[PDB]
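Inspection log for the structure reproduced underneath, given as structure tokens.
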Amino acid sequence: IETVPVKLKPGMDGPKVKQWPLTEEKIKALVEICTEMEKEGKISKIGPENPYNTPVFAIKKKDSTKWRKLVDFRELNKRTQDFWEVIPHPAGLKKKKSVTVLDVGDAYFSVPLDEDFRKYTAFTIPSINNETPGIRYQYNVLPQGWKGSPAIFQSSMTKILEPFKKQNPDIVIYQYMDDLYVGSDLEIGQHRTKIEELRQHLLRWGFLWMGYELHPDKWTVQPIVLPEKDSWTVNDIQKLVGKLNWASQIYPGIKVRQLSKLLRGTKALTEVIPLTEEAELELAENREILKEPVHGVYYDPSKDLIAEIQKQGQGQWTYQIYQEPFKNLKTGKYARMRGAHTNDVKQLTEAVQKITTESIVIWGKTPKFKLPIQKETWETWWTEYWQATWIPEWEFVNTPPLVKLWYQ
Amino acid sequence: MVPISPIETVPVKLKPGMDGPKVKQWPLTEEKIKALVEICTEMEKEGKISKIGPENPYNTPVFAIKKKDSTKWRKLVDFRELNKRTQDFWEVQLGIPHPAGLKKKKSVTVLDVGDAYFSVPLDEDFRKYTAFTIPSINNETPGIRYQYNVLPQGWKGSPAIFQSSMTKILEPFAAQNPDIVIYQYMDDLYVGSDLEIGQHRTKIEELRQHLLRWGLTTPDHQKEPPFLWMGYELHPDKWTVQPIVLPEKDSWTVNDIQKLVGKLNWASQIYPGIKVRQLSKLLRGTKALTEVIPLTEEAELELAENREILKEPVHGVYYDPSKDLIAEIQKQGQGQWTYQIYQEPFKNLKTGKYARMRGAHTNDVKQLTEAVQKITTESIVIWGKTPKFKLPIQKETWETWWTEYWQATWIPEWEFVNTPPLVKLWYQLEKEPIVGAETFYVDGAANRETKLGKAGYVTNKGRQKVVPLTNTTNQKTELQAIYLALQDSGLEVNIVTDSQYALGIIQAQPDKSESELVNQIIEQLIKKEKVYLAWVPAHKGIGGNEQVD
Ligand SMILES: Cc1cc2cc(C#N)cn2c(C)c1Nc1ccnc(Nc2ccc(C#N)cc2)n1
Ligand SMILES: [Mg+2]
Ligand SMILES: [Mg+2]
Ligand SMILES: [Mg+2]
Ligand SMILES: [Mg+2]
């Protein structure tokens, strides 16, 4: 009922970010949705005196036929004042057997937005071929996808969930942007019934019926493994030595000398080389070293999380999350086929969403991605496959990395 | 008195921390002053301006200029200073419509809204910032002080506020008449439809009444089809670019060539197959417009081909939303690609071209991919959808390429069209070492100070070479080493290198390069039946030999 005053960071004006081209269907979708939101007082028309803009589009979330408005607030969010409630994030969330993700964004629409800040939420619904003026709007209430919405709504949310939390003490609840992550160790059916209990608990107190079920305890990671062979070729040993050399930037005690002693002399690549005893011992010792965790690996909340993705072919993708080079906080692999078999970019987009979800569960924030794709390709297609209500930061890598080989 | 609805004003502010303009009024001739007094008397009488007291600190210079009309004076207020201090506005004029996206109209009428412009009030609190002074005769009295009540010509916020006010006024009329289109440009409204001319003139009269409700009067027009608009000619059923005339010259300066390339780029959106590369390649590293640059034979041929393409008028048709969109691309060579977008065969909605990005190495498939993305994006802007593509590349070629490429890449729904030259993969490296094929261990090195170096190889059959090189670098010698291995081997070969640079280039799979060395290597690769390239770490005591200093 009362708006909490919001300001941008000192020395910063509001976002001015070009609206990117939208398809006919997304435009129709946004016109319907925004017409209804305007009738509901959630948004108001604005005039030419508002210079600011934030891009908008629409998505179809997991297994639903309804469009959802999605504002890309990344610019506003980095320009928006840091809101300090004076959250550590739960460490137990990732340890729970099942976590269900709920879209709670609708709730935000019940809290009015500070007047003087509203101008900064300006967005445009474009017209095809720019034949009619873009319909301009701003938010009267807490918009979905804005940094300030969960921070502001937090006091309301905690109060809403007091009975559920107090009566379900072992259930771990985390909020990130528009999403509510509810973990528990219960049985999947009982779990679904408790989630339903929570969403009805929400409906009573004010499209949240959906759910996304993750099983964090089943998250596999990826230790470094070396081949076990009866007969090694010159090529096999060369690849092994390459891999071990690469591992030695990570793990201190890696030795290639004895193994290298087999690569002295100029031999056919396919010629089989029996391993010496010193070489087999060196290999065994390396294998031992690789079973231990990496030395000096810590998470620092003040630093960016960085995620790298490699295309391994045949629908397989490898990834690594780290803060500092050769200190990996998490590694993983996706063999997943979800509707993507003929489409690389759909695959990559889904990989990015999954990695971001995992990153939110573990550390409570999103990584900056290094994507193995051309800027123009990604920028052209990623919004077609995007199912998530947040969006991360990304950059592009144009030079093929060698490390692909070593992650499988 | 028929009551008219007021036009709601737009709240306007100066840029934060900035105050209004304070600028000295220029001395003017007695003639100019009398003229300005008369003009401003008329304007004041019409309500456009108002006399203000001594209190207002602000000022903007006023000028009198002999009118475009032979006998008259014209008032020019110079708002540059106020414009500098005026807030940014939303500019709806950005991203102009493309004619190929328009729908054909049976009738298009023009309505002069020039009078409606001055019916638009200026924000009350902002008016003081628009103050100006007519200097008095012989400077012996206080100058006459005025401020604007309406959007001033030349002021920063006038076009956006005019447009938004007009749009707001027209919205209910447009929404309740979906069978017409309305578009505002300058002082004119354009109303198209497919209705019978009677019903059309009817809807026009209805619009004039609707406007009258705000007290906006229209002259009851000079402009008729074809329209000359933003560099085009619009006709009821067709569009084209305004005439493109390539000048005859015995010599060309840098400026001439720039203008030429501009005309060609503008023409390329309708005239198919326009080429700019050989003409643009002259413009690099000049900066002097007057400098005369001799034309290469290739530039002359390009310009001639252009002249041929431009010899007679070509037209695009308009968009029919009920029919699918088709885009077809051809390779022109030298990194140039050209395309056509149509619905019915041989009737183009538009045409266009794509030049390869500036880079060290490239291949045809990447370029085709980029062209596809560009056409996709332009097409979503113009028609709101992706066209079906017809491409000079075999399905199998594309399959092989994207399945083996280290980057994620995608092309939307497309089909092969067999119209040479076809895009192909020129070489394909092996995924596993080759049994029976000789194994070449290559290396190169160079002394950084002397720039002397060596490149070479040793193989499993005892084959060896070391070549001494002058004026070279490590990277060059690594490449040269690989080149030698390719040169001296059979149709199938294994090559072992420690060079991450060379592997970084070759794994990118270029079919062409700036470096002649990489080019020679590519030619060699093309000639091979099977090539396996293996990387090993340097200085680990592997069969790759230094040897090379
Ligand atoms: C009505 C419209 C008129 C108009 C005059 C100018 C100028 N100068 C620029 N215009 C734009 C941009 C419009 N806006 C739209 C919107 C949809 N379809 C068309 N089609 C269409 C077809 C034929 C002609 C002709 N002759 C002119 C437009 N125009
Ligand atoms: Mg798209
Ligand atoms: Mg006196
Ligand atoms: Mg012509
Ligand atoms: Mg070496």
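Basis: the model, the stated rules and, where named, an outside source; nothing here is a laboratory result. Heads up, the Cβs are rebuilt from the backbone with ideal geometry, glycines too, and the neighbour counts pull from every protein chain shown.
Here are the numbers for this structure:
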item	result
Among the residues listed as B:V417, B:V442, the single one being of a type outside the set (S, T, N, Q) and either touching a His at 6+ places or on another chain (Cβ under 6 Å) or away from chain A (no Cβ under 14 Å) (or both)	B:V417
Residue identified as within 24 Å of B:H361 (Cβ to Cβ) and either of a type in the set (G, A, S) or within 16 Å of ligand 5 (Cβ to nearest atom) (or both) among A:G313, A:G332	A:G313
Failed item, numbered, when A:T389 is tested on (1) over 11 Å from the mean Cα position of the chain (by Cα); (2) in a loop (DSSP other than H, G, I, E, B)	(1)
Check on B:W239, in a helix (DSSP H, G or I), closer than 23 Å to B:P97 by Cα and of a type in the set (F, W, Y)	no
Checklist (1) more than 31 Å from the chain's Cα centre (by Cα); (2) away from chain A (no Cβ under 11 Å); (3) more than 29 Å from B:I380 (Cβ to Cβ) applied to B:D194, failing item	(3)
B:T459 on the phi < 0 side of the Ramachandran plot and more than 11 Å from every other protein chain (Cβ to nearest Cβ)	no
1 or more residues more than 16 Å from ligand 4 (Cβ to nearest atom) and more than 14 Å from every other protein chain (Cβ to nearest Cβ): qualifying strands (runs of 3 or more DSSP E) within segment A:109-219	A:135-139, A:172-176, A:179-184, A:212-214
Pairs where the first residue, in segment B:305-331, is more than 14 Å from chain A (Cβ to nearest Cβ) and the second is of a type in the set (D, E) and within 13 Å of ligand 4 (Cβ to nearest atom), C-beta under 9 Å, 6+ apart	B:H315/B:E233
All positions within segment B:67-95 that are touching a strand residue (DSSP E or B) at 6+ places or on another chain (Cβ under 9 Å), of a type in the set (D, E) and either within 14 Å of another protein chain (Cβ to nearest Cβ) or more than 30 Å from A:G47 (Cα to Cα) (or both)	B:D88
All strands (runs of 3 or more DSSP E) inside segment B:49-93 with 1 or more residues being surrounded by fewer than 12 Cβ atoms within 10 Å (Cβ to Cβ)	B:49-51
Positions within segment B:166-187 being within 16 Å of B:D112 (Cβ to Cβ) and either in a helix (DSSP H, G or I) or assigned by CATH to the domain that holds B:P236 (or both), in sequence order	B:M166, B:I169, B:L170
Every residue from segment A:363-384 that is touching a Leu at 6+ places or on another chain (Cβ under 9 Å), within 14 Å of another protein chain (Cβ to nearest Cβ) and either under 25 Å from A:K69 (Cβ atoms) or assigned to a strand (DSSP E or B) (or both)	A:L371, A:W378, A:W382, A:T383
Residue list for segment B:492-540, filter: under 20 Å from B:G462 (Cβ atoms) and small (G, A, S)	B:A534
Segment A:92-131, subset over 30 Å from A:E358 (Cα atoms) and among the small types (G, A, S), residue surrounded by the fewest Cβ atoms within 10 Å (Cβ to Cβ)	A:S127
Positions within segment B:360-384 being out of contact with any strand residue (DSSP E or B) (no Cβ under 9 Å at 6 or more places or on another chain) and either away from chain A (no Cβ under 12 Å) or at positive phi (or both), in sequence order	B:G384
Enumeration of residues in segment B:222-267 that are surrounded by 16 or more Cβ atoms within 10 Å (Cβ to Cβ) and either within 14 Å of another protein chain (Cβ to nearest Cβ) or within 16 Å of ligand 2 (Cβ to nearest atom) (or both)	B:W229, B:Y232, B:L234, B:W239
Test: residue in segment A:358-377 that is crowded, with 21+ Cβ neighbours inside 10 Å and within 16 Å of ligand 2 (Cβ to nearest atom)	yes
Residues of segment B:373-423 that turn out to be over 28 Å from A:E25 (Cβ atoms), surrounded by 18 or more Cβ atoms within 10 Å (Cβ to Cβ) and either within 16 Å of ligand 5 (Cβ to nearest atom) or not hydroxyl-bearing (S, T, Y) (or both), as a count	6
Members of segment A:304-335 that are part of a loop (DSSP other than H, G, I, E, B) and either assigned by CATH to the domain that holds A:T220 or in contact with an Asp or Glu (Cβ under 8 Å, 6 or more places away or on another chain) (or both)	A:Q323
Residue match in segment B:493-509 (condition: away from chain A (no Cβ under 14 Å) and crowded, with 20+ Cβ neighbours inside 10 Å)	no
Output for segment B:231-251, where each listed residue is among the hydrophobic types (A, V, I, L, M, F, W, C) and either more than 24 Å from the chain's Cα centre (by Cα) or within 11 Å of ligand 1 (Cβ to nearest atom) (or both)	B:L234, B:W239
Selection from segment B:188-197 of residues that are in a loop (DSSP other than H, G, I, E, B) and either surrounded by fewer than 16 Cβ atoms within 10 Å (Cβ to Cβ) or within 9 Å of ligand 1 (Cβ to nearest atom) (or both)	B:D194, B:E196
Test for B:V467: is it within 14 Å of chain A (Cβ to nearest Cβ) and hydrophobic (A, V, I, L, M, F, W, C)	no
Hits in segment A:132-146 - residues which are surrounded by fewer than 20 Cβ atoms within 10 Å (Cβ to Cβ) and among the small types (G, A, S)	A:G134
Search result, residues across segment A:245-281 that are assigned to a loop (DSSP other than H, G, I, E, B) and under 28 Å from A:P325 (Cα atoms)	A:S248, A:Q249, A:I250, A:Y251, A:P252, A:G253, A:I254, A:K255, A:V256
B:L211 vs. criteria in contact with a strand residue (DSSP E or B) (Cβ under 9 Å, 6 or more places away or on another chain), over 20 Å from B:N306 (Cβ atoms) and outside the structural domain of B:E305 (by CATH)	yes
Selection from segment B:104-119 of residues that are in contact with a strand residue (DSSP E or B) (Cβ under 6 Å, 6 or more places away or on another chain) and outside any strand (DSSP E or B)	B:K105, B:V113, B:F118
Scope segment A:379-398; condition among the acidic types (D, E) and farther than 18 Å from A:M177 by Cβ; matching residues	A:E379, A:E384, A:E395
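Let's see how each residue does on (1) of a type in the set (A, V, I, L, M); (2) under 30 Å from B:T338 (Cβ atoms); (3) out of contact with any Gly (no Cβ under 6 Å at 6 or more places or on another chain):
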site	(1), (2), (3)
B:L422	yes, yes, yes
B:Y427	no, yes, yes
B:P433	no, no, yes
B:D443	no, no, no
B:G453	no, no, yes
